[PDB]
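Residue strings, one per chain:
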Amino acid sequence: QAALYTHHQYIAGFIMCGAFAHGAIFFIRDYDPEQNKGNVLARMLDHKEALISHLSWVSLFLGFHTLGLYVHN
Amino acid sequence: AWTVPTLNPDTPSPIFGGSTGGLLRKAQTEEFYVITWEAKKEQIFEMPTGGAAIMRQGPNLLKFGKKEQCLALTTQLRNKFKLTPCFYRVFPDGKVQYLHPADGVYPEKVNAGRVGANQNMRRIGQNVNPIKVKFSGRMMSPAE
Amino acid sequence: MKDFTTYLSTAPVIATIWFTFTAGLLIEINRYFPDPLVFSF
Amino acid sequence: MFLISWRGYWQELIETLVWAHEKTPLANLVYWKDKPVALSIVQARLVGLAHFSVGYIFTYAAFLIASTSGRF
Amino acid sequence: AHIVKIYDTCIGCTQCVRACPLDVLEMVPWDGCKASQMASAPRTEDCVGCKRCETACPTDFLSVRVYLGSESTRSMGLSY
Amino acid sequence: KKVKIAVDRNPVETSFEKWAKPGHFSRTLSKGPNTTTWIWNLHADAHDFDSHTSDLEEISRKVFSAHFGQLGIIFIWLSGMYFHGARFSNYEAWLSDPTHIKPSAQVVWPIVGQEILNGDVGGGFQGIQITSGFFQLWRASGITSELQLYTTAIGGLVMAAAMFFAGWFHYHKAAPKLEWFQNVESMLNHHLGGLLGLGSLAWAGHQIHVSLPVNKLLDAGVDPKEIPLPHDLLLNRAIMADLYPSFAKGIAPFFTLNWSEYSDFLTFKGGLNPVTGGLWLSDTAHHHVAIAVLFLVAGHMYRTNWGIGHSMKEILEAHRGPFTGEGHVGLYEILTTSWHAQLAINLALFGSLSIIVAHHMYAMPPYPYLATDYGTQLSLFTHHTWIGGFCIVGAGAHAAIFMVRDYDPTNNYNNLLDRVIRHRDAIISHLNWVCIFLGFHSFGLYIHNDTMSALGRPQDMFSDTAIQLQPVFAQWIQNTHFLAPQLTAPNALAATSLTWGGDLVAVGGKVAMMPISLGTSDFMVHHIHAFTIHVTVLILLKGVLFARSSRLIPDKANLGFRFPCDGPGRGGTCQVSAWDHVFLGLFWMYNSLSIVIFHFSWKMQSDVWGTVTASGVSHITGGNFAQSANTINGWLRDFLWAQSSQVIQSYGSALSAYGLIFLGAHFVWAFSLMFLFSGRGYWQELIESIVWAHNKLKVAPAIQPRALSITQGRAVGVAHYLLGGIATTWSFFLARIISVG
Amino acid sequence: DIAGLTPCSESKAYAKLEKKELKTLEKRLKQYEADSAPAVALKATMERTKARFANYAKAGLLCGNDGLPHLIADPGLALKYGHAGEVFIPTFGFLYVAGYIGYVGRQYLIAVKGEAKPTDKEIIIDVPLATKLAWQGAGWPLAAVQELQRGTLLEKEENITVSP
Amino acid sequence: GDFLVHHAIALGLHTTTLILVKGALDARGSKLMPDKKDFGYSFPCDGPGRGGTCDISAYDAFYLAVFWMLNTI
Ligand code: CLA
Ligand code: CLA
Ligand code: CLA
Ligand code: CLA
Ligand code: CLA
Ligand SMILES: CCCCCCCCCCCCO[C@H]1O[C@H](CO)[C@@H](O[C@H]2O[C@H](CO)[C@@H](O)[C@H](O)[C@H]2O)[C@H](O)[C@H]1O
Ligand SMILES: CC1=C(C/C=C(\C)CCC[C@H](C)CCC[C@H](C)CCCC(C)C)C(=O)c2ccccc2C1=O
């Protein structure tokens, strides 16, 4: 039980970060803005700083208030 | 008036007791680059391969294994001492090639007669996307 | 001493005065209010 | 080592090894075909991340199997 | 053989040529600037790609531009 | 008079006008910020006095008054410890029972529950049990009262304001000229004679007239309020003649050369004082007398204003040989017009002195009741190895700065310094080999012992019951230096320490010092020490000799000392600068000194320290060093896991602060890996994504957010690596050794 | 008793742990004279300790299987069962002070951009200006939601982008 | 104890996506380097210029996440 859970979590961990890796290779090698005028994929690149700054708020809020509670404890 | 000076290896070396940072076996197989300058007075410069050599009056012949090792020598021979050197490229079949003032004038100043290779008559922000240059035989930058 | 008050109004000096203010305020409150885990009345 | 030390400390260190190989007597019989250069910048990321990750996995899997089966 | 391609945003202040430690760059006449000059890279066979050129270009979104291509014995900077 | 006082009256107006303008020292900083790299370059370039100006006189005046600032801060720091030694301590109670009452001089305030850090240290007192060993200085100084600690604390505040005056005076009001500083003959004659010579003459006079009669009455057993005050030990010669009966002869046996009549209180006893565990104080008194006569003699060596004495330009230029060309010609001129060339040689030996100090104080504990305090012994070793280790890396850093900035290829032609550069490939590569030779043949012995013990083959290990690699040479020296009072030092009553052999000293039912037997585990770990030091030498010396040029980058000195790189070209040129080699050397200094202090803290607890019962003395860890230090798993089990059980379950006690910093520095260490692994061009783009959300809500700052520089993010990284690394071992050592020792 | 819990005034492992701590303090207290300040300090520690247990049971904090005060961070289970002081009162006691520091720091940056060189007044904080915005920012939610209604809080797409 | 660790998992999930979605979105360029698409996915840097561009590529933005992935799992 210990091996079969931990195996398919790191196997899940490596596969999930490769989805974003080959998602990042998509925007360089395969993305065409003239083909993708105004779709949902280009609106991702349009408000792309709103995505990253709101992730950077959630990650910063959680790290402040999870570590801060453990250090308090 | 200027064209393509040749070399004699008769010209004396700077007085330098030899360093371990000098040539290697690449000089005997691939290429090694020799450098000449005309010194007015006897003074002490730094070897780019570590140490210090003294130059003597008249021509001075020195040899290296890289191109940066010669141009990082002329950089301290032109800026510090206001000499006018030029370095060549020697192949082990005896062939020699003239390199640095390749049209006489140093490359910071216009010669009006050198040809403008490797230029784009367009702006760097106006490159194409890599989807257009995909399957170009080899992997290829969109700036081509 | 106008130039000396500019130094007192720089960034690290106001930082080390205001942090002695804000810690020193919370230290005195946590003296006269021992261990506030939950907001009482 | 591939993550804190980066490439250019190592390329200078190899240039001394090339010297000490090309000037050593009786080892000048031996010479390489591919020239020894240091591992590139992107490679040092990958080689260091692989040593990070393999050693991460083998550490915890050793602790996971032996702490469970040690008392069970 | 690295790929050095420069662009029309050049102003011809020739700081890239003076910064190039390998004589990759030189100054060619060109009417699109006050200094009447634009760089050129006839010696990209000798380039290492150390990018001292585009540390020195003043123009926003650098005019000189170095693309790291396939490395020969001169591009890897080898005395051996 | 070529050697003469030469100052300049009022060079700088004493004014607050330049405190209004930060970055005033440099051209690049005085125009204000536009970027958060301004305020980091402000603190980075602040004390880079060679980079502010070009004038060597203006540099020299800046480093002369900054040294009064460092001394003035040390006088505050000393006066704190005497004051916290006076008003918040148990030094009154500690002297009466210095076997049971734990030394404590820090008391915390009862606010958030942090008063639990006031442990039950004994002596009717609660406070943090200190480990810096001031109470053992003060019994060696014969303090005996908290009045004496308070008066020398006020004497420390007075001296600190005098030092702050002196740096103010010798910079702003009357600052010296350049040729004052360039009298290195006059500086060494004054520092060897006046500082070191008259200092150890004066301290011996403190040890003759104060500490010897006080500590003779403490060893004979007198309550400290009943001992005569030390000024009564001056005014009354008849009191001193009661303890040592040769003060009745006065100072007549000195001038009549009847120095053998002083044998009562200038002795050559050796070993240890068995009442108190420390060295004999009359031994240390004859020490500092003979040290003083040596340095006052050596302080009349160099020529200043009369023709007698040596001249260091002639001394250097005459020592030349057939192998080295010009010899030492030109080293006087670079050790006189360059501070970094001075700072490199100074930090080398002053760092090497600190490791001499650390090794010579566990073995010959100079202070009364120092050796039985296992907490003080562990900290005074460990501290003085690290303070040595940083200063040795500082020698490698500021020697490289000499090669970049103040090196002159003109005046250095075929001297030693020019010829070292010309065979720098032979230097590094033969050092490269011996590091790889020491790499396999020291650490691979541990991998061999790990594999053989895991493969069920304990007879094939490298241990004492197996393939025996004995330290034959060091075991030979212990057989000689213990037999040294036989015929090579016939006037010694005992050996120079007790590590060489003999019997142990039992003070308070605990071992002060017992002999140390070296085995195959001691063989392997000393070659681990030889390995990690040679690699630390390899990195730092590569940064010194390839500071200016290499086959990789020929124009490296034009790029300066601290630059990141020369770009991704020629394969990549990350970390090629001479700053970056003393970046990497800090990890190996961390790696070398951690194994030094681990080999100290486990050899002592296995083979030296521990309680004595006169019934088969037992040690702290039971005597398991040579049995277990063969394997990396022995260092894992028996040292890092077995001894960590006093830092991890120390909560609810006074040692619970050490449990926090144990987690605290495990955090800060790992926090550094964010900086040591990642790079700037990531973090700059992430700032752009959050400047965007600050642009959107109109809170865009004027000092524009940039990511930390390439060399800065490395410098932040190694600073948090060392702070998180060392404070882990700090809290591990002290929570171990305060409880079990 | 909300989520498998119990009042700390009603659980017994809470009172067992209170008697555990006071046992550790008293066996530490025994080494000192009854006049001595190392014993005056420990008896003052106890009266801070025993009042702390009295005050946690007074507020009706929830204990559980381990006898420790457990918090309920949900409105509707804290408003209904009388526990808004655990989380729901300090979640607005914080967010007053938090946006206060944000608004004062906002108003200091907005009122410094219309100057000669505003980067100088981020080093040298204009103390008569900064304290003036510090006091008068005490009604910052009353000022922000009025700025929220205009369109002057959010700057438009003058903001800087890369390649949309 | 399970309150605190699921938020720590939530920290590790939101931060690993922060690194990766930034590696996807800023794969084509940032204000630091507006032609990142011209070099490709896996390039070392863009030199020491413009303040220094260590780890600027989307490959180097992917690899930082593997540390924060192995942390999270
Ligand atoms: C369905 C699975 C799948 C497929 C088909 C691909 C396919 C591809 N990927 Mg991708 N990738 C995947 C999953 C996948 N990936 C996952 C799960 C991740 C996250 C870990 C990635 C992360 C990733 C990156 C970051 C990149 C690619 C790239 C590539 C392309 C080049 C292939 C390559 O470099 O191989 C060659 C692979 C190797 C030589 C292996 C390297 C060594 C690895 C780490 C194994 C080491 C294990 C070690 C030796 C264990 C032994 C220990 C010992 C003690 C026992 C190719 C299109 C590259 C690309 O397209 O460039 C633009 C690229 O940059 N991938
Ligand atoms: C233990 C190590 C460690 C820690 C603490 C972090 C922490 C963080 N990383 Mg990570 N990181 C690490 C290792 C670590 N990383 C490693 C090894 C890598 C691979 C290189 C990365 C790669 C990486 C990337 C690529 C990214 C992060 C991000 C983040 C941030 C996530 C937001 C957050 O939780 O904020 C909470 C932060 C904290 C709680 C730390 C602050 C500590 C206290 C609260 C500060 C005040 C204490 C005290 C007063 C200061 C004393 C100093 C002085 C006064 C003496 C945070 C700063 C992301 C980011 O920026 O998100 C915003 C991001 O994009 N990291
Ligand atoms: C006699 C001692 C001595 C002296 C006078 C100097 C003097 C100098 N060093 Mg030097 N150095 C020393 C020892 C010394 N060093 C040692 C022991 C090392 C090895 C670690 C170095 C390594 C070193 C490097 C690598 C560099 C210098 C540089 C410099 C110059 C400028 C320093 C500056 O402005 O920083 C101002 C001071 C600071 C920025 C403070 C740094 C903050 C530290 C790292 C944090 C640690 C503080 C504390 C221990 C942690 C706890 C604090 C708490 C709040 C958490 C100056 C000539 C620099 C130079 O010349 O540039 C060309 C440079 O790059 N030195
Ligand atoms: C015999 C005379 C004498 C004595 C005792 C000293 C002592 C000292 N010098 Mg020194 N020096 C002397 C002559 C002397 N010097 C001469 C003749 C020159 C010119 C060639 C110099 C040039 C010089 C420089 C350039 C520097 C020193 C430094 C130092 C200090 C070393 C720091 C240390 O190890 O802490 C030892 C600390 C103590 C022993 C504490 C006691 C301090 C006493 C009270 C002050 C020193 C006595 C003073 C020289 C006598 C004049 C008194 C004054 C009122 C006029 C130390 C205070 C360094 C220093 O720290 O700068 C401040 C330094 O950078 N000296
Ligand atoms: C535990 C991690 C680790 C290890 C093993 C190494 C290993 C090494 N480092 Mg290193 N380094 C590390 C972390 C580590 N580093 C870190 C974290 C940093 C960051 C600052 C550095 C920075 C650094 C620098 C800056 C330098 C080194 C150097 C060295 C080398 C000297 C030691 C040597 O030759 O011994 C030999 C190797 C070992 C003892 C490793 C164990 C191998 C065993 C004994 C036997 C080999 C196995 C056998 C062949 C079976 C193979 C099986 C087959 C299937 C292939 C060596 C390659 C120095 C160097 O290269 O010059 C000498 C050097 O200059 N490193
Ligand atoms: C800084 C100058 C260097 C020299 C160091 C001088 C330090 C100042 C010390 C002064 C303290 C008085 O010192 C001196 O007082 C008495 C007068 O001789 C001596 O006392 C002695 O002389 C008295 C009369 O002769 C008699 O009571 C006894 O013989 C004896 O007590 C002390 O043996 C000596 O300590
Ligand atoms: C995290 C990280 C950063 C980001 C770090 C940022 C830029 C700095 C960290 C915070 C600084 C210290 C600002 C915080 C304090 C300011 C003075 C503002 C104070 C305001 C109140 C707190 C008083 C890098 O810039 C970097 C660069 C190169 C290699 C690795 C890294 C790296 O790992």
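Residues numbered from 1 in each chain as written, not as in the entry; some residues may be left out. Chains lettered and ligands numbered in written order. Part of a larger assembly, values for the part shown. Heavy atoms only, no water.

As summarised from the PDB record, the model derives from cryo-EM at a stated resolution of 3.3 Å.

J.: Mind laying out the sheet that holds strand β1 (residues 33-39) of chain B, listing which residues take part and the relevant values?
T.: All names here are of chain B. Taken together, four strands build an open sheet; the order of strands is β4-β1-β5-β6 and the sheet is antiparallel. Both outer strands of the open sheet, β4 (58-64) and β6 (96-98), are each paired with one neighbouring strand and no more. Put simply, the sheet's adjacent strands are angled 25° from each other on average, direction ignored. Pairing between β1 and strand β5 (residues 86-90): two bridges, direction antiparallel. Considered in β5, the bridge of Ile-35 is made with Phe-87. Contacts from helix α2 (residues 68-78) reach β1, β4 and β5, with the element oriented near 15° to β1. (Pairing = 2+ DSSP bridges. Helix = DSSP H or I, 4+ residues; strand = E, 2+ residues; numbered from the N terminus. Axes fitted to C-alpha atoms, helices over the stretch in contact; angles between N-to-C directions. Contact = heavy atoms within 4.5 Å.)

J.: Which residues make up the coordination of the magnesium atom of ligand 3, and what are the values?
T.: You will see that the magnesium atom of ligand 3 has only one donor from the protein, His-398 of chain F (NE2), lying 2.2 Å away. Position of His-398 of chain F relative to the elements: it lies in helix α16 (residues 374-406). (Donors = N, O, S within 2.8 Å, 3.2 Å for Na, K, Ca; no water.)

J.: Can you break down the arrangement of the chains residue by residue, with the values?
T.: For this structure, the chain pair with the highest number of contacts among 19 pairs of chains in contact is chains B and E. Between chain A and chain E there is no contact, and the shortest C-alpha to C-alpha distance separating them is 16 Å. What separates chain D from chain G at the closest point of their C-alpha atoms is a distance of 25 Å, and the two make no contact.

J.: Tell me what's going on with the interface of chain B and chain F, and back it up with residues and numbers.
T.: Each side of the interface is counted separately: chain B has 22 residues, and chain F has 20 residues. Of all residues in chain B, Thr-20, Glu-46 and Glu-68 of chain B give up the largest surface area on contact with chain F, accounting jointly for 30% of the area buried on that side. Where chain B touches chain F, the interface holds two salt bridges. Broken down by secondary-structure element, the contributors of at least two residues to the side of chain B that touches chain F are β3 (53-55) and α2 of chain B. Ranked by residues supplied to the side of chain B that touches chain F, first place goes to α2 of chain B with three residues. (Buried area = accessible area lost by both parts, 1.4 Å probe. Salt bridge = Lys/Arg side-chain N within 4 Å of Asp/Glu carboxyl O.)

J.: Describe the site of ligand 5, with residues and values.
T.: Surrounding ligand 5, one finds 19 residues, the nearest of these being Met-1, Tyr-9 and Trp-10 of chain D together with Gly-439 and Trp-588 of chain F. At ligand 5, the nearby residues belong to more than one chain, namely chains D and F. Between an oxygen atom of ligand 5 and a side-chain N or O atom of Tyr-9 of chain D, the distance comes to 2.5 Å. One of the side-chain N or O atoms of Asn-432 of chain F is found 3.3 Å from an oxygen atom in ligand 5. The set of elements that each furnish at least two residues to the shell around ligand 5 consists of α1 (9-22) of chain D together with α18 (424-454), α21 (520-545) and α23 (578-607) of chain F. Counting residues per element, the shell around ligand 5 draws most heavily on α18 of chain F, which supplies seven residues. (Near = heavy atom within 4 Å. Polar contact = N/O pair within 3.5 Å; in protein donor to acceptor, adjacent residues only side chain to side chain.)

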